Number of protein chains: 2
Amino acid sequence: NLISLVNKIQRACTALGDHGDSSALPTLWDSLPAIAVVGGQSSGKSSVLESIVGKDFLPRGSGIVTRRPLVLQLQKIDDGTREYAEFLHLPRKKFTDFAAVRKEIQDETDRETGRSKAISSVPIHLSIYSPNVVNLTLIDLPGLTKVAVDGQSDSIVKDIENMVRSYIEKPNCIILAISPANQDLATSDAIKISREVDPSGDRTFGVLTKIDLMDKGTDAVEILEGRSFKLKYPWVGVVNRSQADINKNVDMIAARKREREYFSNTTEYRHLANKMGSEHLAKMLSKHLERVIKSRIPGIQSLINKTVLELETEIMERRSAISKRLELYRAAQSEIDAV
Amino acid sequence: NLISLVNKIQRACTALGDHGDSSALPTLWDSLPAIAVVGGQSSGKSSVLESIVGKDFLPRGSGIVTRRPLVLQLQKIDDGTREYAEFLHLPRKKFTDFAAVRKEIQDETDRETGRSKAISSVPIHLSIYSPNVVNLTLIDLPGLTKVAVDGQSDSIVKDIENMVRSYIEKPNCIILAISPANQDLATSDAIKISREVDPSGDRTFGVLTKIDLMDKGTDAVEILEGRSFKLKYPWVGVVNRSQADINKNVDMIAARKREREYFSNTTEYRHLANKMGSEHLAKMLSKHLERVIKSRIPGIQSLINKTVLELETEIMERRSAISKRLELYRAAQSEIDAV
Ligand SMILES: Nc1nc2c(ncn2[C@@H]2O[C@H](COP(=O)(O)OP(=O)(O)O)[C@@H](O)[C@H]2O)c(=O)[nH]1
Ligand SMILES: Nc1nc2c(ncn2[C@@H]2O[C@H](COP(=O)(O)OP(=O)(O)O)[C@@H](O)[C@H]2O)c(=O)[nH]1
């Protein structure tokens with residue numbers, strides 16, 4: 001629920017104070033103890049924010065059809081199966097039919113970019129509350145490429161590793177390196193960049209998607225044993241919904257009763273079985289973020305010090321401006337204060 | 001045959017031509033119409049060459065082992081099966097137990113590296129003679145990585161990049177861009193770092209790999225028909241042995257077999273498998289070298305240039321040893337003049 005402080009903040013911020021108000025960008029930054037999820041194209045980010053949401057909602061692209069930021073805030077709810085989700089985009093309105101919030105996304109995206117990729121680097125706040133998922137805060141970054149293909153441009157190349165390394169440079173968001181597993185990890189565009197900033201591992205968890213489709217006479221152990229690309233935390237093995245199934249329409253729900261069936265009932269990791277899977281990770285993520293948020297709230301006094309550099313310190317273009325620039329930091333306190 | 005000469009030549013240069021003369025070692029480089037196999041760690045490189053040689057012979061590369069620019073030469077022999085292979089590493093001696101070759105390759109490497117992955121840059125002149133090969137000259141090449149793993153210092157990564165880029169830069173050199181089907185080509189460290197040196201896509205040929213290891217769902221109808229990531233030439237895709245196979249020590253000869261009926265009996269691909277086989281890469285390359293050379297061989301004045309720049313060289317450590325360049329440079333042109 002604390003994870004939802006950041007969110008109860010956060011939004012009410014890119015609600016107005018997404019300007020960068022001389023010194024009112026100083027929040028969606030520190031305030032962003034919130035995992036960033038990176039994965040070079042075809043990695044699997046697109047999917048794991050669907051089995052960590054146990055519901056569709058992303059416009060599917062095994063190449064790329066998601067070319068934006070994306071602040072995904074979750075929230076458990078009192079077992080009263082009122083699912084739904086909102087948007088800062090569309091104010092005070094509610095969705096239900098996820099498969100058409102997977103068109104709204106596909107549509108806000110299209111209000112600048114295209115059918116085959118352009119440039120747009122300003123967030124997309126969507127909060128999903130759902131009885132059967134974990135209180136948390138994600139931010140989707142688009143896949144990481146090195147070959148400028150089609151009627152794309154040729155900065156797309158170093159313009160995505162731009163975007164990425166600057167939602168990553170921020171010493172607050174935790175890195176989440178999705179690196180599929182029919183390729184070596186000594187090749188992770190993810191890990192390569194995950195190590196660029198944070199050679200320390202202080203923020204950074206391994207994901208490693210796709211294994212059912214990994215080789216034969218190979219398997220996945222020495223990472224979830226943590227012996228090859230040993231990570232400061234551990235690694236977390238997932239099985240998402242194969243291409244095989246996304247076309248077969250497969251629900252998200254009985255999808256997880258499938259990845260379950262996997263490691264519990266597949267010789268090779270029948271023993272690692274319990275620290276693996278969508279359902280799990282989250283429980284973990286949320287846990288390792290809460291610590292983070294928590295252990296980082298005397299961003300009060302460091303919150304509570306950028307107020308009087310205003311409130312008690314006053315053509316008139318910035319007086320027509322500090323009329324926004326403050327409400328934020330004040331809406332801030334109470335939103336903490338309270339609980 | 002026109003090829004076999006190039007081989008027959010370079011063995012001679014860098015048989016004493018590895019320290020050059022500060023203005024006449026563009027001559028292995030010069031004499032380099034030859035294919036360089038340029039793929040990223042674990043791509044397929046190795047497993048492919050064994051498929052171009054019908055035999056085993058290779059240090060196994062999931063945990064890499066060939067980090068010596070192995071200049072692999074092949075030559076054809078009339079249908080009397082004196083199969084035999086011979087090194088420069090050791091003048092006049094011949095081989096048979098192929099693993100005894102594979103043992104030697106990985107016995108020299110160890111002299112110039114370690115066992116937990118290190119670096120050096122002299123070549124390796126392992127040559128092979130057989131009915132079942134087409135005349136070729138590869139220089140195999142270190143696998144393009146992007147994460148210094150474990151005991152590799154760090155400068156390791158971007159030090160392989162400039163080594164792979166080196167053979168490659170040379171305008172008479174070909175490129176074997178090996179890249180596996182189970183990852184969106186827009187993350188081919190290969191295609192990326194090919195199109196680097198060769199924006200003309202003129203001396204690059206395509207190579208899919210691991211296609212049985214693709215996902216029940218997707219396939220490659222699109223790249224082989226050359227309608228997705230087209231080159232200039234057709235894209236040949238193949239099925240070397242999988243870990244799986246290397247374990248039951250799947251007799252090499254059982255290679256080509258395997259895939260043929262794969263490629264033949266597969267619907268998706270069916271109609272292509274005559275322009276597709278492993279065997280038919282060699283053929284298709286060895287025929288493409290021919291032209292390459294008969295094109296360039298007026299790089300016969302690249303010589304009469306240095307033999308003109310030294311014939312007129314008009315303690316005694318150079319002189320007496322300049323002529324041991326000419327007579328081992330010059331009469332190469334007479335060995336070219338010849339045919
Ligand atoms: N079978 C299987 N397929 C996967 C897995 N992860 C990703 N894929 C497939 O990869 C393709 C798209 O990956 P995507 O979710 O879009 O990741 P992204 O391309 O990096 O955004 C689809 O075929 C996915 O089903 C997995 O764990 N198992
Ligand atoms: N099934 C299958 N497996 C492959 C293919 N190519 C490579 N492999 C496997 O991929 C792994 C690495 O291949 P390898 O040749 O050693 O990579 P490289 O030598 O660094 O290019 C090994 O386990 C191989 O058995 C292929 O075309 N099909």
# chains A, B, ... in the order shown; residues from 1 in each chain; ligands from 1

$ interface_residues --of "chain A" --to "chain B" --cutoff "7 Å" --atoms "only C-alpha atoms" --output "ChimeraX atom specification"
/A:42,63,145-147,182,184,186-188,192,213,215-218,243-244

$ residues_around --residues "stretch 102-106 of chain B" --least-positions-apart "6" --cutoff "10 Å" --atoms "only C-alpha atoms" --output "VMD selection string"
chain B and resid 56 to 60 65 to 68 70 87 89 115 124 126

$ select_by_dssp --residues "stretch 44-184 of chain B" --states "strand (DSSP E or B)" --output "number ranges by chain"
B: 70-76, 85-86, 124, 127-130, 136-140, 144, 174-178

$ write_last_selection --atoms "C-alpha atoms" --output "short mmCIF file (atom, residue, chain, number, x, y, z; two decimals), in the first residue's frame"
data_model
loop_
_atom_site.label_atom_id
_atom_site.label_comp_id
_atom_site.auth_asym_id
_atom_site.auth_seq_id
_atom_site.Cartn_x
_atom_site.Cartn_y
_atom_site.Cartn_z
CA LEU B 70 41.71 -19.27 -37.37
CA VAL B 71 42.43 -18.97 -41.13
CA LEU B 72 40.72 -22.15 -42.20
CA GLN B 73 41.66 -23.29 -45.68
CA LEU B 74 39.96 -26.02 -47.65
CA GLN B 75 41.12 -27.63 -50.88
CA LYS B 76 39.53 -30.36 -52.96
CA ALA B 85 44.76 -31.97 -42.62
CA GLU B 86 48.06 -30.03 -42.05
CA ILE B 124 46.29 -20.02 -37.45
CA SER B 127 44.35 -26.37 -43.90
CA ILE B 128 42.05 -29.26 -44.95
CA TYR B 129 42.01 -31.47 -48.10
CA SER B 130 38.96 -33.60 -49.11
CA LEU B 136 37.30 -21.93 -49.57
CA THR B 137 39.35 -19.65 -47.34
CA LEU B 138 37.65 -18.57 -44.20
CA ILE B 139 39.11 -16.81 -41.36
CA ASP B 140 36.96 -17.78 -38.52
CA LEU B 144 31.29 -10.67 -30.87
CA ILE B 174 33.89 -11.08 -47.60
CA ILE B 175 31.58 -11.29 -44.56
CA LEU B 176 29.67 -14.24 -43.33
CA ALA B 177 26.97 -12.53 -41.25
CA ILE B 178 25.80 -15.42 -39.08
#

$ select_by_dssp --residues "stretch 98-229 of chain A" --states "helix (DSSP H, G or I)" --output "VMD selection string"
chain A and resid 98 to 111 156 to 167 189 to 194 221 to 226

$ write_last_selection --atoms "C-alpha atoms" --output "short mmCIF file (atom, residue, chain, number, x, y, z; two decimals), in the first residue's frame"
data_model
loop_
_atom_site.label_atom_id
_atom_site.label_comp_id
_atom_site.auth_asym_id
_atom_site.auth_seq_id
_atom_site.Cartn_x
_atom_site.Cartn_y
_atom_site.Cartn_z
CA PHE A 98 -8.72 -4.51 -21.26
CA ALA A 99 -8.54 -5.57 -24.92
CA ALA A 100 -9.72 -2.03 -25.86
CA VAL A 101 -7.52 -0.23 -23.35
CA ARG A 102 -5.06 -2.10 -25.56
CA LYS A 103 -6.43 0.08 -28.39
CA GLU A 104 -6.47 3.35 -26.45
CA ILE A 105 -2.77 2.79 -25.72
CA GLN A 106 -2.39 1.85 -29.39
CA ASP A 107 -4.13 5.15 -30.09
CA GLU A 108 -2.47 7.69 -27.80
CA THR A 109 0.75 6.26 -29.14
CA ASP A 110 -0.47 7.03 -32.66
CA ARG A 111 -1.18 10.71 -31.89
CA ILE A 156 16.39 5.51 -33.37
CA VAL A 157 19.53 3.43 -32.78
CA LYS A 158 21.23 5.83 -30.32
CA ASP A 159 17.94 7.60 -29.55
CA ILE A 160 16.49 4.62 -27.73
CA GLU A 161 19.74 4.08 -25.82
CA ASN A 162 19.22 7.73 -25.18
CA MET A 163 15.77 7.44 -23.69
CA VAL A 164 16.69 4.26 -21.84
CA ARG A 165 19.96 5.52 -20.30
CA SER A 166 18.16 8.56 -18.98
CA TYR A 167 15.27 6.89 -17.31
CA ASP A 189 21.75 -5.44 -24.71
CA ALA A 190 19.97 -5.23 -21.32
CA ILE A 191 22.81 -6.33 -19.05
CA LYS A 192 25.30 -4.42 -21.27
CA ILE A 193 23.35 -1.28 -20.42
CA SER A 194 22.29 -2.39 -17.01
CA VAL A 221 20.04 -23.44 -14.22
CA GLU A 222 23.34 -21.60 -13.66
CA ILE A 223 21.69 -18.22 -13.17
CA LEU A 224 18.77 -19.23 -10.97
CA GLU A 225 21.60 -21.09 -9.29
CA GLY A 226 23.31 -17.84 -10.02
#

$ atom_distance --atom1 "atom CA of residue B:239" --atom2 "atom CA of residue B:32"
28.6 Å

$ closest_residue --among "B:219, B:335, B:36, B:125" --to "ligand 1" --atoms "only C-alpha atoms and all ligand atoms"
B:219

$ residues_around --residues "residue A:201" --least-positions-apart "4" --cutoff "8 Å" --atoms "only C-alpha atoms" --output "ChimeraX atom specification"
/A:195,205,231-233

$ atom_distance --atom1 "atom CA of residue A:24" --atom2 "atom CA of residue A:320"
14.7 Å

$ residues_around --residues "stretch 289-294 of chain A" --least-positions-apart "5" --cutoff "10 Å" --atoms "only C-alpha atoms" --output "PyMOL selection string"
chain A and resi 1-6+30-35+135-137+172-174+203+284+299

$ closest_residue --among "B:296, B:270, B:306, B:11" --to "residue B:322" --atoms "only C-alpha atoms"
B:306

$ residues_around --residues "residue B:273" --least-positions-apart "4" --cutoff "12 Å" --atoms "only C-alpha atoms" --output "count of residues only"
22

$ decode --residues "stretch 225-239 of chain A" --atoms "C-alpha atoms" --output "PDB file, in the first residue's frame"
ATOM      1  CA  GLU A 225      21.602 -21.090  -9.293  1.00  0.00           C
ATOM      2  CA  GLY A 226      23.313 -17.838 -10.015  1.00  0.00           C
ATOM      3  CA  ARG A 227      26.693 -19.079 -11.236  1.00  0.00           C
ATOM      4  CA  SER A 228      27.160 -17.758 -14.805  1.00  0.00           C
ATOM      5  CA  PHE A 229      25.888 -14.174 -14.802  1.00  0.00           C
ATOM      6  CA  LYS A 230      25.664 -13.980 -11.017  1.00  0.00           C
ATOM      7  CA  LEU A 231      23.470 -11.019 -10.022  1.00  0.00           C
ATOM      8  CA  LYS A 232      23.538  -9.072  -6.757  1.00  0.00           C
ATOM      9  CA  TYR A 233      19.960 -10.197  -5.993  1.00  0.00           C
ATOM     10  CA  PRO A 234      19.114 -13.451  -7.779  1.00  0.00           C
ATOM     11  CA  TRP A 235      17.661 -14.110 -11.292  1.00  0.00           C
ATOM     12  CA  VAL A 236      13.978 -14.660 -11.868  1.00  0.00           C
ATOM     13  CA  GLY A 237      12.810 -17.209 -14.419  1.00  0.00           C
ATOM     14  CA  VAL A 238       9.503 -16.606 -16.234  1.00  0.00           C
ATOM     15  CA  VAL A 239       7.481 -18.378 -18.894  1.00  0.00           C
TER      16      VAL A 239
END
